[PDB]
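Coming up is one lone chain in structure tokens, specifically the form deposited in one PDB entry.
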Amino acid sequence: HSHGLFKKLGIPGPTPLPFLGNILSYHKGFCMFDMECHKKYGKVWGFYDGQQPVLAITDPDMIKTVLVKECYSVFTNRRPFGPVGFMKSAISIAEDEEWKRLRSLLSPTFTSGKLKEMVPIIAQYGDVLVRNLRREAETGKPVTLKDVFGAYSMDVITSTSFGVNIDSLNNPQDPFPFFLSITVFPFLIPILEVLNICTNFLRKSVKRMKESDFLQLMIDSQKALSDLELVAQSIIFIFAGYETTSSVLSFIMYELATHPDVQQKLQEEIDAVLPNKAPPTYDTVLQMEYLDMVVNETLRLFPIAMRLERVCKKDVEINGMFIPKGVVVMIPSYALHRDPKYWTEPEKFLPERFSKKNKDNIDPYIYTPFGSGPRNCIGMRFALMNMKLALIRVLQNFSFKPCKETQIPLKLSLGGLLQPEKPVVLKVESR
């Protein structure tokens, strides 16, 4: 019934099938859908996830309008996500006024100082990361990167926010389809919101963080903060600092392997700023510009978010286009990062895109790997530091080459989340 909203507004888009909308088109993944749609319809198009209208925009001013200018007023919240349960109070899932309070309460966790407090602490598990890697390198056995990176990433997040120290080769107490049917049956979300389909593992263990850091800064600031809400924020932070940190690290190492000129040119800078394999510090990391380039260029090819979303909470007319209340506005971050109308040879890995000679010819509303505006990635600065500190210690000791079973070229997960089809396996040699 509601499948004529874009036929009405004169906005092009793929013809939706009843009930399904255009979800059958996701058979190649969200990214191949947005890339094709970006070609088919232009700067603006609209489709339907079930009965839910999605408006895709690609205009830098419209994107600046949505994510920044009209954030607090109209585009405060993301698509409703359920069933969540108590996790409705998580910052990334909370809406309107409740989200504003959580954003203020958790913002001072990633100040330039609180991050600088974390550099002496992060410098530990990188040496566990090297020593765990020196074992699988002295034996000529190819290495699953996400295993030893995730083992590292998990070690970082548990201490940077709480303080628990665990080598992630022994028992790691941290375990963690149908979401398609959720889009045809979003009416089933409130259904599952009563049968408590939301494990009690950390729901009582992290709840029993009696402690009698991020965990410190929460009870210290407790219209204040709750406790079951404190657990939910811990779950969000623990996931992000693990999966996002590890997945991107595998992405970077795959590119350094298939582009050995970029791997050596980066190794030459690390030994320069840090001679005699010096331990990386807060200020020596921010000095390395080629490392910043390699990180940014990998995030162009693999923005793990793929899409930025905002629910339009009332009728508006942004940049000369009427947008009705309830529409989910979408920024195809993946399709924008590979749009040839902005990037030269956009499928190629070229870190020189982000050189200070060329970093000005890049629109920060086309390149948006961390979002933008008041609801951008809250851990953007931390994640950049945690990854870079990891990249320094690893490349200071090991080089990386492709293996026989290394998937070249890498296929993206044609499924839901931005991951590789096959895991990233590379040979590791010792310098």
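Whichever C-alpha set is largest while still superposing within 1.5 Å between the two forms counts as the rigid core. In case it trips you up, residue 1 is the first one in the sequence shown, and so on.
Q: In the deposited sequence, how many residues between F176 and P177 have no modelled coordinates (none, 1 to 3, 4 to 9, 10 or more)?
A: The entry leaves 10 or more residues without coordinates here.
Q: Report the stretch with the higher mean CA temperature factor, choosing between 116-124 and 320-328 on the basis of the entry.
A: For C-alpha atoms only, the mean B-factor is higher in 116-124.
Q: Once you work out the mean C-alpha B-factor for both 299-307 and 141-149 from the entry, which is higher?
A: Of 299-307 and 141-149, the stretch with the higher C-alpha B-factor average is 141-149.
Q: Have a look at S247, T76, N132, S333 and flag the one whose Cα has the highest B-factor in the entry.
A: Of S247, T76, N132, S333, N132 has the highest C-alpha B-factor.
Q: Between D315, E352, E269, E97, let me know which has the highest C-alpha B-factor in the entry?
A: If I rank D315, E352, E269, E97 by C-alpha B-factor, first place goes to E269.
Q: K359's Cα B-factor: lowest, middle or highest third of the chain?
A: Middle third of the chain for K359's C-alpha B-factor.
Q: Going by the recorded CA B-factors, say which third of the chain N386 sits in, lowest, middle or highest.
A: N386: CA B-factor falls in the middle third of its chain.
Q: Could you tell me which third, lowest, middle or highest, the C-alpha B-factor of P346 occupies within its chain?
A: For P346, the deposited C-alpha B-factor lands in the middle third.
Q: Can you tell me which third, lowest, middle or highest, the CA B-factor of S399 falls into for its chain?
A: Middle third - that is where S399 ends up once the chain's C-alpha B-factors are sorted.
Q: Going by what the PDB entry lists, where does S159 fall on CA B-factor within its chain: lowest, middle or highest third?
A: As the PDB entry reports it, the C-alpha B-factor of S159 lands in the highest third of its chain.
There is also a form deposited in another entry; it is not shown, and the following applies to it.
Q: Just one of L192, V206, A278, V184 has a CA that shifts 2 Å or more between this form and the one not shown on a core fit; which is it?
A: The displaced C-alpha is that of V206.
Q: Align both forms on the core first, then report whether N171 has a C-alpha shift of 2 Å or more between this form and the one not shown.
A: The answer is yes; the displacement is at least 2 Å.
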